[PDB]
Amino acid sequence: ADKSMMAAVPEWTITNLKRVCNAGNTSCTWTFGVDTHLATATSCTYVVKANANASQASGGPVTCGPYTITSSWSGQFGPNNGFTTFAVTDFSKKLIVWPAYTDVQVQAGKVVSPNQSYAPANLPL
């Protein structure tokens, strides 16, 4: 009866992800790859800017390869639990994933390890 929106494809792996913010936290640069395991991986540089707290700001849309990427941060669970969610959409495939990283994971500017993978969903555009 229900319709699963999960696509029958390999999980997309977000590779070598890191966040580096400048001294004033007015710019944060996220760098990562998107490896679908079905095509050449795409390297992404994704810059978010704000007058203050760029680490908390919503970003995009940015186009990287076949992907349209946005992001948003949530402090809904308090500051120890802040986390950023990306929306990574391949319009041509009508597929989307939402990689979500806590501030704890990224705050030192070190690469997140292990790389994390996510099951894409169909977006019936």
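Just count from 1 along the sequence shown to find any residue number.
Colleague: Hey, which bit's got the bigger mean C-alpha B factor in the entry, 80-88 or 61-69?
Modeller: 61-69 has the higher mean C-alpha B-factor.
Colleague: Comparing 100-108 with 20-28, which has the greater mean CA B-factor as deposited?
Modeller: Result of the comparison: 20-28.
Colleague: Which third, lowest, middle or highest, does the CA B-factor of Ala7 fall in along this chain?
Modeller: Middle third by C-alpha B-factor.
Colleague: Within this chain's modelled residues, let me know which third the CA B factor of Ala52 belongs to: lowest, middle or highest.
Modeller: Its C-alpha B-factor, which the entry lists for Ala52, ranks in the lowest third among residues of this chain.
Colleague: Should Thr42 be placed in the lowest, middle or highest third of its chain by the C-alpha B factor in the entry?
Modeller: It falls in the middle third of the chain.
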